[PDB]
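Structure first, then comments.
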Amino acid sequence: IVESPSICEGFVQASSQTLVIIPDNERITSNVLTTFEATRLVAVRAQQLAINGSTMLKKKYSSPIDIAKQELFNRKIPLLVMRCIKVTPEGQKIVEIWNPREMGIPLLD
Amino acid sequence: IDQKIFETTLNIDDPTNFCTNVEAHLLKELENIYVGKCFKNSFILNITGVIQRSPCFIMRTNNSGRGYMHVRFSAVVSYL
Amino acid sequence: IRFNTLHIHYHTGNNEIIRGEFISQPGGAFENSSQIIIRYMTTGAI
Amino acid sequence: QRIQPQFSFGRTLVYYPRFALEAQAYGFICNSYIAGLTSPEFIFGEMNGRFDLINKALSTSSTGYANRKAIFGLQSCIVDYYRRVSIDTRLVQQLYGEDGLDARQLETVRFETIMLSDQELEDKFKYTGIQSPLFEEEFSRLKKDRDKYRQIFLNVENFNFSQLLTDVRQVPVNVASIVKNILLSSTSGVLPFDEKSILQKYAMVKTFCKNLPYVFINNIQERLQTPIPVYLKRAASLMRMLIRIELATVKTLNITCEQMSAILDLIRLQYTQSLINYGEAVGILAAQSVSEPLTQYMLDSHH
Amino acid sequence: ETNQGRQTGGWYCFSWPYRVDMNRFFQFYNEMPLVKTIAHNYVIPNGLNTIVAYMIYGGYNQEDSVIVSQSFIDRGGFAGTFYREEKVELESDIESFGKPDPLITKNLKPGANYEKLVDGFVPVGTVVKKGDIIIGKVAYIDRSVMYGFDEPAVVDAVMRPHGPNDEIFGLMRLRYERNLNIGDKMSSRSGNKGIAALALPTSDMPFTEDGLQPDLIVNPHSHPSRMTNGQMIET
Amino acid sequence: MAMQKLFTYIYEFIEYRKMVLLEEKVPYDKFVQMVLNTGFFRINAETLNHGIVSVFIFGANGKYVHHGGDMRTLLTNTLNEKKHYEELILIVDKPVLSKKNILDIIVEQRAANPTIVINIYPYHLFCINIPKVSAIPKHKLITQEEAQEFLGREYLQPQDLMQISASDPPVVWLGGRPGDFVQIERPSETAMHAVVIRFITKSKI
Amino acid sequence: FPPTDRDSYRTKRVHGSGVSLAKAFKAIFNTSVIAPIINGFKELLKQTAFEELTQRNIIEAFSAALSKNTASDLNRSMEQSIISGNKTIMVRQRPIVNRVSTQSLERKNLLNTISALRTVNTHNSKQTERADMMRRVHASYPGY
Amino acid sequence: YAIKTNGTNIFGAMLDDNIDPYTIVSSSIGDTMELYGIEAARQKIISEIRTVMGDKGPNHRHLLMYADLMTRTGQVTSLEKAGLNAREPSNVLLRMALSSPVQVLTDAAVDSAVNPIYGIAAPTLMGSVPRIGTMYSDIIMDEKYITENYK
Amino acid sequence: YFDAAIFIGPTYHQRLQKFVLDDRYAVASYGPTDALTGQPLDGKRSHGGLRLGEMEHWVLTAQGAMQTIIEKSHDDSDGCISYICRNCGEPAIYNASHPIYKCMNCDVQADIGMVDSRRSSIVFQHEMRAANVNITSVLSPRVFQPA
Amino acid sequence: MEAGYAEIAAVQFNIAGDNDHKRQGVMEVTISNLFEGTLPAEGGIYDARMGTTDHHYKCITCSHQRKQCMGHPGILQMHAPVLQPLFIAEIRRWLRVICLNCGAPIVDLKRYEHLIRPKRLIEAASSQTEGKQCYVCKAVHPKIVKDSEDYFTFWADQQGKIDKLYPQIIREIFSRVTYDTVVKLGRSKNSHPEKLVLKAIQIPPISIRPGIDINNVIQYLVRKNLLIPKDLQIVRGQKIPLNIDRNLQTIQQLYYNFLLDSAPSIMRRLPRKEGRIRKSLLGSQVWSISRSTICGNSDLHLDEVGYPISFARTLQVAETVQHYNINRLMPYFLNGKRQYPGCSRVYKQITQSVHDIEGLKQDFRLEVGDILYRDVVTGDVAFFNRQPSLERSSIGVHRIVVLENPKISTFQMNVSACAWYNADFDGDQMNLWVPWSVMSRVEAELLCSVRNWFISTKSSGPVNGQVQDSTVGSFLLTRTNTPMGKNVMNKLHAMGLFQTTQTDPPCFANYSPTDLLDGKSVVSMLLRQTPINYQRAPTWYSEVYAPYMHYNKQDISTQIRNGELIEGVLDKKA
RNA sequence: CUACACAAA
DNA sequence: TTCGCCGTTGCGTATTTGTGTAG
DNA sequence: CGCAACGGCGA
Ligand SMILES: [Mg+2]
Ligand SMILES: [Zn+2]
Ligand SMILES: [Zn+2]
Ligand SMILES: [Zn+2]
């Protein structure tokens with residue numbers, strides 16, 4: 001006789017992955033930030049300036065959005081952009097890490 | 001009492017200040033969360049040290065601005 | 001629709017070519033009305 | 001078609017006899033609105049207006065169902081980091097729009113060499129001011145670009161019903177406009193003859209065209225001069241050909257070398273700003289942009 | 001126009017003061033059209049003979065907008081009374097009408113006024129606004145009725161009629177003084193809808209050499225595509 | 001007619017596949033009378049790797065395309081000769097493509113001879129020079145090394161590419177087998193021609 | 001001959017109030033008077049003999065089924081047929097279709113009231129030929 | 001001068017010797033696919049959608065998107081349920097969101113379907129947010145920069 | 001004076017009973033919510049609502065917005081926090097204040113993850129589970145940069 | 001223990017069996033009573049262990065106050081097994097594929113090996129399998145005929161001897177099936193047919209059946225399950241009493257009506273436009289949003305929307321108080337709800353509680369980490385939306401301009417902005433919501449601003465321009481001749497043309513009051529700020545009017561050279 | 001909440 | 001024996017707004 | 001109202 005076990009018992013969750021960072025000279029993605037990427041960088045920075053308060057902006061701004069926009073424009077943003085290229089099925093997450101402070105900023109205005 | 005490797009994803013409510021000293025803050029947070037409580041068939045006495053971690057990814061599914069970071073760490077546990 | 005009148009319909013494909021619907025009222029507006037349907041099927045049967 | 005005889009057998013309205021032959025019986029209105037239509041003319045006009053209202057009423061539901069189905073069939077198409085379009089990981093396009101460009105960053109410019117004959121191609125674009133084989137190969141490149149454009153779009157004409165060849169194309173950068181603006185803002189005037197300057201300008205335009213497919217990758221691989229994929233080389237074909245047409249020697253005689261350097265960097269900047277963004281839901285954009293003219297196709301059905 | 005001619009404000013009923021009607025608008029002033037039709041021999045005309053200037057005036061009447069005279073609004077042009085009703089049943093002997101006692105209560109409304117109540121009802125003529133409580137029903141479980149509307153109202157009529165079981169209920173009538181506001185829809189008899197976009201004082205409105213000035217300024221661009229020549233001829 | 005076009009374009013197909021003929025090209029009258037009498041016309045060609053490709057052109061009314069027994073017998077006898085037999089190309093009328101008896105015969109003969117490729121095609125696939133059709137962009141097979149380097153640069157798996165049937169007319173004229181890659185130069189009204197690479201999947205039928 | 005023009009008013013009739021309320025009354029009456037009283041008479045003739053009951057016994061059985069549980073539901077049923085307009089209403093543990101269609105008298109103005117009382121309703125897809133054709137100005141409309 | 005026929009018989013026209021067989025244009029996508037292949041069928045889809053669009057049509061890249069979506073598998077798939085089943089059989093949530101959620105759910109349950117969360121409908125139906133747009137690329141904190149600057 | 005003579009005269013005009021004071025609506029971040037989905041109620045009559053429909057989500061997705069889909073559809077809607085075990089894929093029981101850390105499935109080997117979801121999606125998954133369809137959420141694997 | 005941040009990567013769908021229900025269930029339903037006083041009856045279908053729908057009690061299971069409680073399932077041990085309503089067709093397919101005596105696959109299993117796995121079982125059940133001889137036990141397979149009355153009753157017409165296939169019999173038949181048969185039939189291990197018969201069903205969480213009509217069905221099923229004897233056993237051809245037969249049929253029909261009826265079912269909430277998916281998941285009802293009639297405002301920029309002040313005091317912007325913005329946020333806090341611009345709520349960091357400003361007289365202290373909800377002010381970004389949202393520009397971000405007139409309650413916009421939304425001012429209503437989060441505000445400003453939709457994503461061309469009054473006004477201004485003569489104005493009127501342009505006015509110092517300026521001169525003075533080259537015939541010049549009229553030569557060829565309108569009129573073409 | 005009706009774009 | 005046919009079932013038929021009415 | 005599986009019975 002057969003009595004079906006629960007689905008959870010036959011469920012193996014997943015293999016944890018290792019971050020494979022593509023070397024800088026082997027990156028093939030754009031060195032210019034997309035409008036999506038620049039917008040997300042400014043949004044994350046502004047929300048973090050809403051929860052924190054520390055910035056490297058000599059000029060004082062009364063809005064976190066202004067501080068974050070100037071940090072992105074003045075190449076002082078403390079964030080990095082990670083572009084996940086491939087998910088190898090041996091357990092490898094292949095990414096390209098891009099520095100926004102060295103990237104081309106889109107028009108955004 | 002023996003060393004056991006644990007896997008966890010933390011939550012980082014101030015990612016800017018956390019990243020000023022990632023190792024120290026990570027050890028403090030791990031000791032705070034997993035101090036003398038059962039976790040995965042083990043009592044874990046104290047954190048020996050982190051053996052592998054992740055970049056502090058910013059949370060994507062909420063507008064909180066927080067980061068999480070995955071940390072795989074070693075610790076000594078009290079199995080009976 | 002007007003009663004005691006025939007409503008021929010070239011309705012459409014379901015093995016029915018044409019139908020004729022007649023609703024008959026004994027002579028008032030409140031008397032029971034019985035409807036007859038006179039189908040003409042593709043098989044030839046009326 | 002005219003007003004069909006719907007009133008009775010052979011009758012359009014109670015006002016017109018059976019099998020009437022006059023044009024007014026079938027919806028011909030001899031009056032203007034200012035003159036004021038008669039009663040049957042107003043009935044026919046009301047028939048027309050009601051038909052238009054019904055069309056507007058039902059096209060909404062039909063086009064809405066079509067739009068929802070298209071959205072759900074297309075929404076999974078998202079631009080990835082290679083600017084391909086993929087569903088999850090399965091490729092739908094090798095490059096978005098086959099050129100990797102945002103639809104909001106396109107200008108319609110004319111390709112001058114397309115309709116030019118062999119003689120007028122020499123007269124307008126073959127530069128005879130320096131007895132060099134560099135300009136011979138430049139003119140050969142221009143002629144070959146024209147021939148390739150002609151062959152491709154003549155084939156496109158062949159496998160279509162009435163899709164005529166045109167010399168106007170949507171491109172990310174209007175090179176002619178950039179050259180004209182730099183000419184206008186130039187402090188100097190008619191440049192004196194300078195063989196070194198002309199040769200250097202030709203060489204730098206050739207190098208820029210050779211490195212043009214690197215806008216699709218980055219400046220790192222351009223600096224390292226790594227191989228470019230074939231599809232990326234094809235994606236830059238139209239802009240390469242336009243740059244060769246507009247930045248030819250004959251049209252850039254009065255352009256200084258630093259002015260041409262400014263022109264090339266402006267072109268590259270405008271090209272970089274025209275590429276589709278990573279993660280754009282281009283399937284939803286396509287669904288919206290194709291569903292909008294479906295409403296007008298339904299509305300124009302009665303024509 | 002057939003559609004718009006039936007939503008036009010006017011004397012919606014001749015016996016309106018004896019009716020507790022809901023969402024009903026009684027417009028004070030009505031005029032016979034200067035160019036009437038036979039329909040006005042059998043039905044009352046709703047509307048006014050506004051002076052309309054077909055002109056471009058600052059681009060505030062484009063795309064079916066209309067510029068109105070603020071003075072024409074102030075004088076009663078299209079002004080009227082909007083009516084709402086509040087009928088609340090007493091269910092059974094458990095519930096009754098009276099001001100709830102805050103000490104006992106059960107479910108007193110937070111932020112509510114609960115004042116302005118006499119014998120359980122707000123008296124006639126009292127302005128009610130947002131959180132004010134109208135008709136205090138108590139079962140003591142609080143079952144009062146809160147106003148809620150963002151537009152203040154004046155209690156027009158209160159009564160306690162006997163339902164079809166010899167039981168009393170509420171049905172108070174609320175009154176709104178509705179002048180012609182910016183954003184109110186106007187239309188001509190030719191079907192030309194318009195939203196009031198700008199109200200100008202009498203000194204800002206254009207005037208003819210003999211002093212005639214419009215009530216509404218209608219864009220000439222509303223005509224050529226819509227072909228509403230009847231309105232033009234009527235003018 | 002279908003027979004005349006087939007006769008004039010099957011050798012164009014053979015030469016486009018870079019094959020050399022093993023017999024002499026008979027006149028058209030002899031070809032059609034042989035199809036009517038024997039029931040099929042056999043053409044044998046030699047590939048660059050000395051493999052043998054047999055092209056069977058079956059007549060519309062022949063006995064081999066409506067009785068599965070004769071088709072089984074013919075396939076078994078032709079697959080038992082001492083030849084390399086890189087591929088067997090069976091050409092039938094389009095209605096024969098829907099006959100489950102003949103299709104099942106082809107399936108069992110393929111299973112019994114895994115090394116040999118057996119394909120059954122309709123008449124219209126060889127009734128015209130397929131690569132010369134204006135509507136068909138230029139297909140070309142790329143080697144597994146070039147495909148591997150393309151996929152490695154793109155971080156792609158072969159299953160992530162757009163797919164093309166091995167029974168696709170341009171792929172048939174190319175000779176691409178399932179698992180291969182075909183590069184396509186398609187005209188573009190946005191970019192003035194573009195290059196795409198498609199993964200060849202199992203042939204329909 | 002052509003088929004029957006489904007939109008022509010040659011073969012159409014407008015029934016309002018009279019016919020509609022009459023049919024509703026017939027349906028409700030057959031369920032709320034005749035059938036209650038039939039059940040009452042069956043009960044009376046079952047749990048009582050015959051040829052011995054007086055004339056008043058029949059009258060008492062008659063009024064038993066009509067002075068109890070009656071005139072408060074048939075009246076209610078007709079009121080429900082007037083108000084609302086949902087297809088089926090409950091009449092003594094059995095539902096019957098509501099054959100009368102009513103709309104609230106919205107007193108936007110006198111013209112709206114008159115037009116609402118002059119509206120002919122055709123209460124029964126959107127992309128068929130029928131859906132387009134039955135919304136058209138038919139050639140039989142003029143004057144009616 | 002050419003001949004515009006009613007009905008598509010591409011094969012019959014190629015058999016005819018009085019018309020050019022290499023420039024036969026047929027308005028039907030099925031005949032083009034059966035006779036010419038998937039690339040010619042994709043071009044036919046582009047041409048037919050462009051014909052339907054009219055004078056004021058969209059940019060060509062949207063027609064390209066339509067034609068490449070429908071021909072990505074090597075066969076012409078539709079924008080109906082069947083096309084979604086062919087192109088995204090495992091995307092149970094998207095197919096449920098389109099139509100017939102109970103039938104799709106039943107088939108997913110018996111089929112033991114695994115649904116990777118991608119696109120728009122699948123993340124949305126799980127209360128999540130699509131990984132597109134501003135959230136296509138994930139942001140990580142610059143530990144080196146913050147350590148050396150945000151003391 | 002205008003250079004052009006202006007056509008001016010009495011044109012009978014009607015005030016249609018569509019009042020902006022009735023039509024206008026503005027709601028704040030709080031109000032009555034649905035018991036089932038946890039979403040705001042429907043419209044002005046219920047004192048809370050206004051719907052961002054399917055097409056609005058399509059438009060915000062085409063714009064690539066997000067973070068506005070997040071705000072509107074989660075923060076200003078029934079957005080909630082789900083807990084998944086990461087070891088069985090089933091919903092877990094987590095409570096920070098009163099300490100509960102468990103899943104009815106594998107107990108000692110519970111790894112509860114904090115998953116941002118909506119109450120509508122939780123109800124949807126509960127309804128698929130009520131129809132005897134087991135929904136197991138795989139959860140993204142943890143990634144580690146090499147030691 | 002700080003449940004870490006996670007995202008769902010994949011979702012797997014499986015058939016839930018008795019073991020799944022037993023493991024996942026937090027209670028077993030035993031008693032049919034609903035309530036025990038003010039608290040739900042323990043052991044009933046409303047038991048708090050399965051969630052809380054009221055705020056009077058917590059969940060016991062998770063101790064969450066309704067909003068944070070997602071609900072938990074409970075088991076109902078059924079005295080008689082039931083079939084799974086969702087998989088009746090699967091039960092039917094599995095029944096006419098295996099022998100009902102040993103669970104053997106009496107089917108050419110080797111025949112179905114080339115097929116794709118989902119179609120394998122359907123094809124196998126499409127075979128004859130009637131009167132077929134078995135192999136392991138050598139028995140004749142009866143004909144399984146689906147009952148014509150209900151959706152869940154099966155018969156075994158064995159040579160005319162019809163017998164009911166009760167779900168217990170079906171459970172035994174399916175239990176005899178090996179995993180090898182299920183694998184070779186194209187199903188999975190988790191799709192064994194034994195799962196298709198439910199001994200213990202799952203009582204759904206109270207979160208999905210709140211309010212004390214679907215609960216009536218569950219209560220009916222529970223109370224009718226109590227009637228079945230606990231140890232009822234049925235074998236093939238038992239011929240059980242009619243009473244038990246009616247009870248079993250009613251229980252199974254109750255389960256079928258609970259899951260798949262049409263009270264609305266669990267599965268009937270999913271489909272249709274107003275179902276769970278399309279109404280609750282693919283769309284949403286949202287807070288902090290406004291709607292009003294739109295009217296025209298010529299003095300608003302194309303990227304500006306007029307917001308009535310009453311709506312600006314309803315919708316709020318969440319401003320987290322920090323050192324850099326405390327001085328700017330101080331006026332908002334001090335104004336409160338009394339004067340504009342003010343605020344409505346303050347979130348206290350050290351309290352984790354919001355406080356209304358009207359009741360916040362005793363706080364008067366803003367701390368870093370506090371969240372102030374202030375009124376919408378001029379310059380804020382807002383999302384403007386018109387339905388139906390067909391285009392990418394149907395939702396755009398405009399700069400808020402607050403109309404401080406209390407008599408205005410319309411959403412005013414420039415007439416040239418109407419092309420984004422396909423709007424006009426004949427009664428159209430538009431949704432407007434002001435982003436309050438920092439992330440949404442950043443992205444509204446940087447990504448969804450209406451400057452990004454000036455060029456159509458559809459046609460790649462411009463969307464906005466002069467419409468109606470402005471098109472004919474441009475023509476009138478730039479036309480060469482008026483009926484009064486040359487189209488010239490003196491210096492005062494040339495200056496007055498720029499009064500409301502709202503940019504830096506040009507210089508007229510070189511023009512005397514007596515000087516006359518053409519319309520093209522002032523147009524060029526405007527267009528010089530952004531010099532462009534334009535050369536095209538105007539819409540004014542048509543060949544259908546050429547035989548008539550007298551077209552001025554300077555009007556029928558519009559030319560702009562570096563911002564100078566050399567000649568020609570400006571109209572719809574330009 | 002489930003109809004239904006009247007309306008708006 | 002492999003397919004057409006044919007009832008027979010389900011599924012689906014623009015979006016967002018208001019007001020009622022009743023159950 | 002239409003569309004499409006479907007699955008059982010005629011070929
Ligand atoms: Mg409008
Ligand atoms: Zn678990
Ligand atoms: Zn709970
Ligand atoms: Zn057996």
Side-chain angles (χ1 to χ4, degrees), chain C residues 14-15, chain D residues 57-69 291 295, chain E residues 3 6-7 22-23 84-85 185 193 195, chain F residues 98-101 104, chain G residues 79-80 82-90 98 101-106 108 112 116 119 121 123-131, chain H residues 80-82 98-104, chain I residues 16-19 22-25 34-36 41-46 49-56 58, chain J residues 89 92-93 122 125-126 128 145-146 211 213 263-264 271-274 283 291-294 385-390 394 421-431:
Chain C
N14 46 309
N15 303 321
Chain D
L58 313 181
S59 89
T60 60
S61 83
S62 256
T63 314
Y65 189 33
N67 178 39
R68 173 154 206 283
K69 280 192 283 151
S291 303
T295 320
Chain E
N3 280 289
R6 295 181 292 111
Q7 330 170 339
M22 165 96 204
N23 296 333
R84 274 198 249 254
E85 82 165 346
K185 181 133 66 149
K193 268 173 302 312
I195 287 277
Chain F
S98 86
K99 299 305 146 268
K100 191 151 144 220
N101 13 310
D104 281 26
Chain G
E79 148 200 299
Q80 300 300 104
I82 291 265
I83 64 188
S84 168
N86 71 328
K87 314 282 279 206
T88 89
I89 66 185
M90 155 297 291
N98 163 2
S101 90
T102 63
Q103 61 173 315
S104 203
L105 183 56
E106 193 107 9
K108 283 175 245 186
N112 182 80
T119 282
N121 277 99
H123 293 157
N124 299 318
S125 157
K126 269 165 90 290
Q127 313 107 2
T128 65
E129 210 249 350
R130 194 92 285 279
Chain H
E80 316 288 302
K81 267 223 145 293
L98 170 64
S99 89
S100 303
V102 181
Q103 288 71 9
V104 178
Chain I
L16 311 190
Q17 291 175 55
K18 296 275 319 167
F19 310 97
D22 291 6
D23 303 359
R24 67 152 183 196
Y25 183 53
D34 199 336
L36 173 54
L41 282 192
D42 277 50
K44 186 157 92 109
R45 207 148 72 180
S46 314
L50 291 207
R51 154 174 193 83
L52 284 201
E54 231 173 324
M55 320 201 44
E56 284 93 317
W58 298 343
Chain J
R92 184 233 307 141
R93 272 176 230 123
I122 295 142
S126 192
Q128 49 291 45
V145 31
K146 176 85 222 325
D213 222 300
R272 312 312 261 151
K273 171 216 319 296
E274 67 281 334
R291 178 167 189 106
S292 186
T293 306
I294 52 147
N385 166 238
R386 195 192 93 98
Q387 282 98 358
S389 301
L390 312 159
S394 264
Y421 316 96
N422 189 43
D424 41 12
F425 309 130
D426 70 318
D428 293 41
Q429 279 190 80
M430 262 168 102
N431 278 10

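Chain letters run A, B, ... following the sequence lines, proteins first, then strands; residues in each count from 1.
- At least one donor-acceptor pair under 3.5 Å links the side chain of G/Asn112 to the backbone N or O of G/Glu106.
- With DNA chain L read from its 5' end, the first of the two nearest nucleotides for G/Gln80 and F/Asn101 is the one closest to F/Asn101.
- Each of G/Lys108 and J/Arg386 lies near RNA chain K, and the nucleotide nearest G/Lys108 is the one positioned closer to the 5' end.
- Here the NZ-NZ distance, from H/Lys81 to D/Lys69, works out to 11.5 Å after rounding to the nearest 0.5 Å.
- The partner of K/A3 cannot be assigned: no Watson-Crick or G-U wobble pair with both contacts below 3.5 Å exists in any strand.
- For the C1' atom pair drawn from K/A3 and L/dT15, the interatomic distance equals 22 Å after rounding to whole Å.
- Sugar conformation, L/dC6: south. The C1'-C2'-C3'-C4' torsion carries a negative sign.
- Annotation: side chain of I/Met55 is in contact with side chain of J/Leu390 (closest heavy-atom distance under 4.5 Å).
- L/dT17 and K/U2: their P atoms are spaced 15 Å apart (whole Å).
- A distance of about 16 Å separates the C1' atoms of M/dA11 and M/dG7, rounded to the whole Å.
- At the heavy-atom level, E/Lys185 lies under 4.0 Å from the strands shown only through sugar-phosphate atoms.
- For L/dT16, the torsion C1'-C2'-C3'-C4' is above zero, which places the sugar in the north, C3'-endo range.
- The residue G/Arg130 sits close only to the backbone: its heavy atoms come under 4.0 Å of sugar-phosphate atoms, none of a base.
- Each of I/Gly43 and J/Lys273 was matched to the nucleotide of DNA chain L holding its nearest heavy atom; the match closer to the 5' end belongs to J/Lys273.
- At L/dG20 the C1'-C2'-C3'-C4' dihedral is positive, so the sugar adopts a north, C3'-endo-type conformation.
- With hydrogens and angles disregarded, a donor-acceptor distance shorter than 3.5 Å links the side chain of G/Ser125 to the backbone of G/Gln127.
- Here the CD-NZ distance, from I/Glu54 to J/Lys273, works out to 9.0 Å after rounding to the nearest 0.5 Å.
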Between E/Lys185 and J/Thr293, is the side chain to side chain contact (heavy atoms under 4.5 Å, CB included) condition met? List the steps.
CA-CA 10 Å; E/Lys185 181 133 66 149; J/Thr293 306; over 6 Å; no
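- Inter-residue side-chain proximity for I/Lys18 and I/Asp23 is flagged as met; some heavy-atom pair is nearer than 4.5 Å.
- Taking 4.0 Å as the cutoff to heavy atoms of chain C, we find the contact window on DNA chain L bounded by L/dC6 to L/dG7.
- Inter-residue side-chain proximity for J/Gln429 and J/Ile294 is flagged as unmet; no heavy-atom pair is nearer than 4.5 Å.
- Taking the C1' atom of each, L/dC11 and K/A8 are spaced 31 Å apart, rounded to whole Å.
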Canonical and wobble pairing (Watson-Crick, G-U, under 3.5 Å) of DNA chain M, dot-bracket with |
|||||||||||
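- Of the candidate nucleotides K/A9, M/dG7, K/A5, K/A5 has the atom lying nearest to any side-chain atom of G/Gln103.
- For G/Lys126, the NZ atom is densely surrounded, since the number of other residues' heavy atoms within 6.0 Å is greater than 12.
- Heavy atoms of D/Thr63 sit nowhere under 4.0 angstrom from any nucleic acid atom.
- Atom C1' of M/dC1 sits at a distance of 26 Å from the matching atom of L/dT16, rounded to the whole Å.
- Nucleic acid contact for J/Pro264: none, since no nucleic acid atom lies under 4.0 Å from a heavy atom of the residue.
- Residue-level contact check: I/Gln17 touches neither bases nor backbone, having no heavy atom under 4.0 Å from any strand.
- Residues I/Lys18 and I/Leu41 both approach RNA chain K. Their nearest nucleotides, taken by heavy-atom distance, put I/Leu41 toward the 5′ side.
- Atom CE of J/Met430 sits about 7.5 Å away from atom CZ of J/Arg386, to the nearest 0.5 Å.
- Using a 4.0 Å heavy-atom distance criterion, J/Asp426 is classed as a sugar-phosphate-only contact.
- South puckering is assigned to the sugar ring of L/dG4, since its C1'-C2'-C3'-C4' angle is below zero.
- With P as the reference atom, L/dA14 and M/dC3 are 16 Å apart, rounded to whole Å.
- Whole-Å rounding puts the E/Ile195 CD1 to K/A9 P distance at 9 Å.
- Partners of I/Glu56 under the side chain to side chain donor-acceptor pair (under 3.5 Å) rule, at least two apart in sequence or in another chain, are J/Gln387.
- At the heavy-atom level, J/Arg92 lies under 4.0 Å from the strands shown only through sugar-phosphate atoms.
- South is the pucker class for the sugar of L/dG7, given a negative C1'-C2'-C3'-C4' value.
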